[PDB]
Every structure is written in C-alpha cells, then in structure tokens.
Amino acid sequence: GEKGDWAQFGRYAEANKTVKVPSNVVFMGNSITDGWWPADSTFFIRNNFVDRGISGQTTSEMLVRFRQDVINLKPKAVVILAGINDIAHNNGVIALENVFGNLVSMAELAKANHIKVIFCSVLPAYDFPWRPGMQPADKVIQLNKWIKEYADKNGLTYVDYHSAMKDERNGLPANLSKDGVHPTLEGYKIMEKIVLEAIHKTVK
C-alpha cells in the first residue's frame, strides 16, 4: 500500500494555523486550483480567499482532507472544482457514479457544518498527455450533468466554466491551456470573472 501521507494533510497543516477563523471562502481542488497561484499570485489574497488546491488529487483524497482544509477553517462558503483526476484514474480505477458520490459527501459535510457549497463544472478535457487514450471529453460532460442536477435540486450555486471554455471537440483550446487540461493565465481570467460573480451572488 501507500507509504506516505496519502491525503496530503501535511501540505497545508502549517498554513491552516495562521488562517483567521471563521474564514471567508475556501477553494478546494486539484492541479487546476493548485496552478492558480503561480499564474496570478494575488488572486486569492486580494479577494480574501483561502487556496487549498493540491496537484494530482482526486475526490477521494479531497473528501478525507475536507475536515482539515475546509470544515476546521469555518468558511462562509467552499468552492469545489474536482473530478478530472478521478477520470484520469490518479488514485486507481473509480466508477464515475462514485466520483459524484464523493462530491455529494463533501456537500453534505459542508451543509452539516453550515458552509455554503459552490460547485464548479469540471473543465473541458479532450486527452490527458500524462495518461493517454482515456477519452475524458464525454465523461467530463456526464459528471457535470450530475453535479448541475444535484446543485439545482439542493439550492447550491453551479459555476459553469465548461460552457465558457470548451472548443468544438469538448476540450480546451491552445490559447486557454498548454496541455489541454490545465489553464494558462488567459483561462484563469475567464474562470476568475465567472467564479467572482457566483461568489458575490451566494456570499454576503
């Protein structure tokens, strides 16, 4: 089995100790959230957002890490962008319904702790250069259909990055992404506009 810190509790354990609690908005995510600070170093700080993205993580590590990096920070809301690394099988094979199930468990834990959930559409992806031949495009669309239907049925805000960034093959175009999965600064600026509008309408 695993030898190290599987859920990567060690990544933000120290950072959490100097976060002012109760906090404002926590961004929970994978490499897309983790890549935001190098692209725009003041995005989180100028909006009083807490960045808790960890490269390569699936919804499974996130559900386990959720208590330390979200619940214990007592935020008004949590912005969740997750599922692409589950589609890439980063933590092994997982059925798409079980990926959705992990997101539902995060939503239920947040609601039980009086945290508003802001769900984000999984970004378009046509192929994983690091995991070829997985055909993720339609899997992303199926997962987003479930996320959106859950968000609508439970009065949660849905952030549709996917419709704003997709090309004709339901992937990311070269100007928005270097690997067709992780955004460039141009892609992050599209995302910034959409998520800021969603947060300001949800969080007062």
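Sequential numbering from 1, following the sequence displayed.
K.L.:
For the C-alpha atoms alone, is the average B factor greater in 23-31 or in 59-67, going by the entry?
P.N.:
Taking the mean B-factor of the alpha carbons in each, 23-31 is higher.
K.L.:
Higher mean Cα B-factor in the deposited model: 113-121 or 126-134?
P.N.:
Per the PDB record, 126-134.
K.L.:
If I read the C-alpha B-factors straight from the PDB entry, which of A174, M165, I147, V50 is highest?
P.N.:
Checking the PDB record, the top C-alpha B-factor among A174, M165, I147, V50 is at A174.
K.L.:
Give the position of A13 by CA B-factor within its chain, expressed as the lowest, middle or highest third.
P.N.:
It falls in the middle third of the chain.
K.L.:
By the recorded C-alpha temperature factor, relative to the other modelled residues in its chain, which third is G101 in?
P.N.:
As the PDB entry reports it, the C-alpha B-factor of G101 lands in the lowest third of its chain.
K.L.:
Ranking the modelled residues of this chain by C-alpha B-factor as given in the entry, is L185 in the lowest, middle or highest third?
P.N.:
For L185, whose C-alpha B-factor we compare with every modelled residue in the chain, the answer is the highest third.
K.L.:
Against its chain's modelled residues, does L143's Cα B factor rank lowest, middle or highest third?
P.N.:
Within its chain, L143 is a lowest-third residue by C-alpha B-factor, going by the deposited values.
K.L.:
Would you check the entry's CA temperature factor for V159 and let me know if it's in the chain's lowest, middle or highest third?
P.N.:
Middle third, going by the recorded CA B-factors of the chain.
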